[PDB]
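A short write-up of the structure that comes next.
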Ligand SMILES: *[C@@H]1O[C@H](CO)[C@@H](O)[C@H](O)[C@H]1NC(C)=O
Ligand SMILES: *[C@@H]1O[C@H](CO)[C@@H](O)[C@H](O)[C@H]1NC(C)=O
Ligand SMILES: *[C@@H]1O[C@H](CO)[C@@H](O)[C@H](O)[C@H]1NC(C)=O
Ligand SMILES: *[C@@H]1O[C@H](CO)[C@@H](O)[C@H](O)[C@H]1NC(C)=O
Ligand SMILES: *[C@@H]1O[C@H](CO)[C@@H](O)[C@H](O)[C@H]1NC(C)=O
Ligand SMILES: *[C@@H]1O[C@H](CO)[C@@H](O)[C@H](O)[C@H]1NC(C)=O
Ligand SMILES: *[C@@H]1O[C@H](CO)[C@@H](O)[C@H](O)[C@H]1NC(C)=O
Ligand SMILES: *[C@@H]1O[C@H](CO)[C@@H](O)[C@H](O)[C@H]1NC(C)=O
Ligand SMILES: *[C@@H]1O[C@H](CO)[C@@H](O)[C@H](O)[C@H]1NC(C)=O
Ligand SMILES: *[C@@H]1O[C@H](CO)[C@@H](O)[C@H](O)[C@H]1NC(C)=O
Ligand SMILES: *[C@@H]1O[C@H](CO)[C@@H](O)[C@H](O)[C@H]1NC(C)=O
Ligand SMILES: *[C@@H]1O[C@H](CO)[C@@H](O)[C@H](O)[C@H]1NC(C)=O
Ligand SMILES: *[C@H]1O[C@H](CO)[C@@H](O)[C@H](O)[C@H]1NC(C)=O
Ligand SMILES: *[C@H]1O[C@H](CO)[C@@H](O)[C@H](O)[C@H]1NC(C)=O
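Chains as they are written, first to last, in the entry's author numbering: chain Q, 1 to 30, 30A, 31 to 213; chain M, 86 to 129, 194 to 299, 329 to 398, 407 to 492; chain R, 1 to 35, 35A, 36 to 52, 54 to 77, 77A to 77D, 78 to 82, 82A to 82C, 83 to 100, 100A to 100L, 101 to 126, 135 to 213.
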């Protein structure tokens, strides 16, 4: 099958910008049998351009398609609010048709360090036999962030999960949750619980912590 | 056949509207009323009637088959399947020059001289759930029906009895097997819809289709009757199908008007019932000649060149 | 105007089989439009499954022998319909399945190249989630305290749950996170709010949680 490798994985832009997204096919496509789609979070993709450069009926002309050698690129002029989201390229030169991995286009903003908070398990949860420790990172930009869990100073692996909101429509920031889960038994055993966060906005990795029972 | 997968939607097929508009213009230069009345309102409730009086030449309007060939920059795609809902992704599609010869027969309740269903009896519907959407039945074996300006049409009681069965069976095979299927006459409405109306020899026939749609999933009706005889009537003052408004055609004259058409399909319309016990009641329908056209273009779709 | 309307979400046990449907409003006949089915696993890109073109069906290598694709022309009560059957479901079948349509009428169009094509109309998608879990209402736990506070909505199935604060009167500064799927095969999410530290003993905060599949509704007061 033909492989389509898409570039870059994410890019940040402003309203009114011109943006370029590229896709390299693993073989030449003489016929220009390539298509571009947009997908907004929660919705079905929409066809924007087909045959490399042809605009589908109803698609704004600020979208255009181009090709050179094995590379195909989508250009977006005068970037608009409804344009943000994820874009995919597709070859239909040879069976079966295949898609690129996709490109996320998000809103550019000044750097903002997360506000960081940590929540011990509630007494009600402890009563029901489980313990969840939650760390919150609120309203930060850019999205890239690392959070590590330490208990009794020991790095925690495989017992945590993270969740990230969509980029906020009004302040263009992200928020993120990390939840550390363990048995009521181990929770009651150890003393200090710590969330360690690293982010561009932070001159140095910030640690929020507590001692069980304070 | 074309090696690709495409979407089809006979219920939103554009050729239907392109033929319909053609068939109408095929009527404005073949069957011209002595007078044609049509609503004319500004919106202010009050509505004057626009009257038009032209010559009323008696012509024996005999429909000629019509092909539909894509010009250029355009291509027609045909769907291939023994049972195609006509509304979805077709696997065995295939590009064709012109669609099969179609005889634009304008009628209601029964689809005459259309195209039969290859495999078995198929029934399409833009939504069978909606008791408002016409159910287009497609017969796999036509039932000859002969009408005469003498005042009636004869149909085989045998063939029609079978047909209602092989239709009544395809219905429950869509609304629930453990459901009784019944057939009743028109609920009400215009003469053109309440009876099996159609045009023969330029004469607008209005056949009472009660004996064709009063079938109970229990008894029969062949006592002392070999053939079904629908008491038909030719009208001069009719409601137009092309557009809201009446139209008066001149009386009959030819020593004899006669028709022998193939009941190749129907247009049913089950009644809501508001989820009541399995007892779906289907009645004659149609009046929206597009469903007709549809029943013929259900497997086509013209598309722009690439 | 073409609107493709797919059947609703299904939750299916491993080993089971499912059939998803697509009503093609605006489509004349599948004699003129090809149907292509495509799926998208969560946080993943898109993958071709198979097609019906000119009444001829077929499936990609990865799915051959496991999938049946069909289409039928209909009128009146229903538009033309296509369906996709999938046999022997496993966890890696969990994804959003899209039905898709492309007119094949015009050979010169450039939407299609000998059966391989771009997809001009898309359905909303149908989620098929493959799981042995049975329906279960959540537990709700307080996340007690500019300060932050919230609610942990733990161990429910299936999606979704909805969360408001103070019956909807508090919306500014509220973040309700996407659910995560735990190792137990049950979901969990949290909802948080940032508020001024000053009002903490003056103002009341309650999270209203609704899980309709289990008919569960809880109102939890969150206190310092
Ligand atoms: C009748 O219809 C005409 C439209 O031609 C309208 O202008 C007029 O106000 C209506 N009233 C009459 C003349 O009856
Ligand atoms: C379809 O037609 C065949 C004969 O052409 C008939 O034998 C078959 O029963 C029909 N299918 C039904 C019952 O709709
Ligand atoms: C199908 O018909 C039902 C009513 O019979 C209607 O509620 C439903 O919306 C229709 N399908 C669609 C989504 O068009
Ligand atoms: C209809 O007329 C044809 C001749 O066109 C005849 O063969 C057939 O038997 C008639 N059908 C009836 C009267 O049932
Ligand atoms: C019909 O409904 C089901 C089939 O779905 C069947 O098992 C049941 O016995 C039947 N009941 C009725 C409505 O007579
Ligand atoms: C013929 O149709 C009328 C209404 O159009 C109906 O009232 C009458 O009973 C019918 N007669 C027959 C043939 O049963
Ligand atoms: C349908 O049933 C009614 C009452 O059971 C009966 O009067 C009517 O004649 C039946 N329809 C026919 C003629 O098959
Ligand atoms: C019913 O009448 C038809 C002719 O109208 C006849 O062919 C059929 O044999 C009759 N039913 C029986 C088997 O007595
Ligand atoms: C079409 O109708 C005529 C008129 O009765 C009939 O004799 C002929 O056999 C029919 N042909 C078809 C479509 O089978
Ligand atoms: C085709 O159907 C029409 C109905 O309008 C009928 O007049 C015509 O005679 C039929 N074809 C034949 C056998 O002439
Ligand atoms: C279906 O028949 C009637 C519908 O009017 C209803 O009263 C009854 O409860 C249902 N079941 C029976 C008794 O057959
Ligand atoms: C799944 O299909 C395979 C072949 O693809 C067959 O061997 C097996 O019996 C099926 N499994 C079930 C649970 O039906
Ligand atoms: C036709 O067969 C070829 C085999 O190489 C395949 O690529 C194409 O998808 C098929 N088209 C159909 C009928 O789906
Ligand atoms: C369409 O192609 C399919 C796939 O091989 C085949 O099963 C079917 O018979 C074909 N339909 C026709 C007869 O065009």
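Even for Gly, the Cβ is constructed at its ideal location relative to N, Cα and C.
Residue 66 of chain R has its Cβ nearer than 7 Å to a heavy atom of ligand 12. For residue 114 of chain M, there is no enclosing beta strand (DSSP E), as DSSP gives it neither H nor E. In terms of beta-carbon proximity, residue 19 of chain Q stays away from the interface with chain R, with every pair separated by 8 Å or more. Residue 370 of chain M and residue 482 of chain M have their C-alpha atoms some 21 Å from each other.
The set of residues whose C-beta lies within less than 5 Å of a heavy atom of ligand 2 reads, in chain order, M:269, M:270, M:289, M:290 and M:344. Of the candidates M:358, M:268, M:366 and M:375, the residue whose Cα lies closest to the Cα of residue 329 of chain M is M:375. A residue is called buried once 16 or more other Cβ atoms fall within 10 Å of its Cβ, and residue 145 of chain Q, having fewer, is exposed. Of the candidates M:224, M:283 and M:284, M:224 places its Cα closest to the Cα of residue 100E of chain R. Residue-level contact check: residue 146 of chain R does not touch chain Q, since none of the beta carbons of chain Q fall below 8 Å from its beta carbon. Following the DSSP letters along the chain, one finds residue 193 of chain Q inside the beta strand (DSSP E) bounded by residues 191–197.
Close partners of residue 100D of chain R in chain M (Cβ separation under 7 Å): 492. Any Cβ of chain R closer than 8 Å to the Cβ of residue 469 of chain M would place that residue at the interface, and such an atom is absent. Placement of the Cβ of residue 292 of chain M at a distance of 7 Å or more from every heavy atom of ligand 9 is found. Under the Cβ distance rule, residue 36 of chain R does not count among the residues neighbouring chain Q, no pair being separated by less than 8 Å. Between residue 276 of chain M and residue 467 of chain M, the C-beta gap is not smaller than 8 Å, which leaves the two residues out of contact. From the beta-carbon of residue 102 of chain Q, no residue of chain R is found nearer than 8 Å; the closest lies around 11 Å away. With 16 or more other CB atoms across the displayed protein chains lying within 10 angstroms of its CB, residue 37 of chain Q is buried.
Excluding its 5 nearest sequence neighbours in each direction, residue 261 of chain M has C-beta neighbours in its own chain below 6 Å: 254 and 447, listed in chain order.
Residues of chain R whose Cβ lies closer than 7 Å to the Cβ of residue 391 of chain M do not exist, since the nearest Cβ in that chain is about 16 Å away. With contacts defined by Cβ atoms closer than 8 Å, residue 136 of chain Q and residue 115 of chain Q form a contacting pair. Residues of chain R whose Cβ lies closer than 7 Å to the Cβ of residue 213 of chain Q do not exist; the shortest such Cβ separation is about 13 Å. Per DSSP, the unbroken beta strand (DSSP E) holding residue 434 of chain M starts and ends at 432–434.
Residue 167 of chain Q has its alpha-carbon roughly 19 Å from the corresponding atom of residue 139 of chain R. At a cut-off of 8 Å, the C-beta of residue 30 of chain R has no neighbouring C-beta in chain Q.
Near ligand 3, residues with a Cβ at less than 5 Å from any of the ligand's heavy atoms are M:276, M:278, M:279 and R:5; the list follows chain order. Under the three-state reduction of DSSP output, residue 163 of chain R falls in the strand class.
If you check the CB distance, residue 100 of chain M and residue 217 of chain M come in under 8 Å. Apart from the 5 residues on each side of it in sequence, residue 63 of chain Q sits with its Cβ closer than 6 Å to the Cβ of 74 in its chain, given in chain order.
Per DSSP, reduced to three states, the secondary structure at residue 45 of chain Q is strand.
Relative to ligand 9, even the nearest heavy atom lies 7 Å or more away from the CB of residue 340 of chain M.
Within chain R, the residues 75 and 76 have their CB atoms less than 7 Å from the CB of residue 285 of chain M, given in chain order. Secondary structure at residue 172 of chain R: coil, using DSSP grouped into helix, strand and coil.
DSSP, read as helix, strand or coil, puts residue 449 of chain M in strand. Setting aside the 5 residues that flank it on each side, residue 116 of chain R is surrounded in the same chain by 146, 147, 202 and 203, each with a C-beta closer than 8 Å to its C-beta; the list follows chain order. Runs of the beta strand (DSSP E) spanning 3 or more residues and lying entirely within the region 109–142 of chain Q occur at 114–118 and 129–139, in chain order. Any Cβ of chain Q closer than 8 Å to the Cβ of residue 3 of chain R would place that residue at the interface, and such an atom is absent.
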